Every structure is written in structure tokens, then in C-alpha cells.
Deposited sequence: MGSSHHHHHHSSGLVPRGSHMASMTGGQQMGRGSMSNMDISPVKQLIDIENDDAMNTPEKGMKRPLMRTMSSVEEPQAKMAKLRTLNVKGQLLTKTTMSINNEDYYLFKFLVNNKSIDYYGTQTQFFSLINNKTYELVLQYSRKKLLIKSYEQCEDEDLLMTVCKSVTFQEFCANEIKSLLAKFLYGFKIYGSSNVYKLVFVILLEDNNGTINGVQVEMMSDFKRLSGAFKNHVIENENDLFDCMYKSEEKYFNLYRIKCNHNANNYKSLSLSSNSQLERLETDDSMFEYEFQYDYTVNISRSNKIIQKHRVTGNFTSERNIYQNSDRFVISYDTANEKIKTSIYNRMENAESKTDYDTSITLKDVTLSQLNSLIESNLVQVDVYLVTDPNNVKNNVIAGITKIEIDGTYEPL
């Protein structure tokens, strides 16, 4: 049984059970590539996160796994991104601004964070724009550094407690859609760190102001806090199934319109039941708000010039208990 030697960082330990057997996996970063390895219980407790190691691996029982480890020792993050870098789809690190993050409405697990990043145009000037980092739940939970996340409430806590704080993003895969839509993405070997600025630098916060968003066409995602009435009328048309919504911020009336479809792997009855549960939840939401049982934040895809289209990106509910209801 020949062995291998490898030096690399660790990212996140994980355990699981299959047919009355226990597997312990370690997500070691080797040569800037994520590779998972098997380990024992002492390996599970002993190893700490984000600290590099040296390992000997022996291919026993069909699998590579950790035989022995030795503690070892080992960051520069770009403050801007070039248009050509987004074109080239090159993995990168960044210093960005974490605005706010919501669970995409009517989606099981695909959360979405909003980041302000300094984009450098073809001319060469750097300005702060908006980007939308989608991510599944587990990748987000295992990607946050210096935090421990087990359920959606923990994720929402780590979001809200960190609102407006400055994030260091490690190995966020930038990508460029078919049209001129630019967005980050959170890869397995990627990580997020709260920089804990405490006004360490203030000369940069002037730059981090968003006038447009480069992930959508002429639209920006903004957060509103629902103050008063929340009317939500379903409207089934010949083609679409809209949710025409009108609500009251602290400043202005807002007229949004959620949309609906049947996903390809859905049935006529499952989709209809899910939609009617959504509708009853929205209907009860107004009475819940007026009596201060819950508070509601609506992150909507507004178009400041043309308010004819204001599709809600996602709704979230901060309850009196303290748990967060995704919705």
C-alpha cells in the first residue's frame, strides 16, 4: 500500500452516517484545489479549521484517507476587478461590501448575497457596483470563516449581524452570463471573512456606493422595511401567475409583482398547493405585521427610472422569538 505526502490547508470538517457506519471527511485545500479526505474520530476532534497541515495518505479499503498529520504554517486580496477578468471567468479574491442577503423567494435552498465591488471599466476607472452571489445553503454554511452554522437561523444571524460590514472574499469564481450579466459565485474552495474594520480605513467607504448593478439590466436590488399595509392579490392571467403586491415603507408606497411558474420537475397539483400556501402566507402576513408579531424585509429588484417592473427578489421575516422565517 504505497503512500502519498501532501501539504495543504483545511477548510471544513464534516461527519455523516451511512448504514450504521461513520464517515469523517476533511476538505483539504491542495494546490489551490479542493480535495476531500477520510479520517478517524481523533482526526475529527483534533484538527482545527483554516490551519494548514502536512498529511500522509494511504489507499486502503477503496479510499484515500489520513494516516498521520503534522502541524504546519502558511492574505493578498485584490481591491478591484477588471472587465476583462470578468470576461475571462478567472477565480479571484476581493475586498467587497456585504449589503444584505436573502433566501430567494419560492426556492428551497438557493440563498443570494448582495456585494458591492470596485469594478474597473475598459477606460480604467474603478467604481463601486452591485453583484449577486448566489449559493446553496450548505456551501454558504461551510464557506463563512470564523462562524459556526448549522441551520437557516444561524445563517440569517451571520448575515444580519454582519450587514454593511466589509468582507474579504477568497477564491470567489467570477462569471459572465450570455448577455452582459456579471456575477460572483461561491466555489467549494472559496471562503468569506468578516474583516472587522472598526473604521480601520474610511477613505475607501466613499468609493463603495452603488449607482447600478452589473448582474441585472438597469435594475438594482434594494431592501425595504414593511411599515404598514401589505396587500397581496394573486392574479392568474392567460400566460403568467402574478402576485401583485402593494406595501408601505417608511417613505413610499411600493407596487411590486412577484411571478410564478411550474418548474420542469413539478406536477399540476404540487405546484398549485405550493402556490396556495404561498398565497395564504402572504395574506396572513399583513395581519402579522400590523400587530407587531413579526417584522418583514422585502428585497426587491427595483428599476429607479421605470417603476413599471419591481419584481420582488425575496421576502424575509424577523420574528419576535428571534428566529428568522425565510419565506
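Asks: Could you list the ranges of the deposited sequence that have no C-alpha atoms in the model?
Replies: Unmodelled stretches, in sequence order: 1-82, 157-160.
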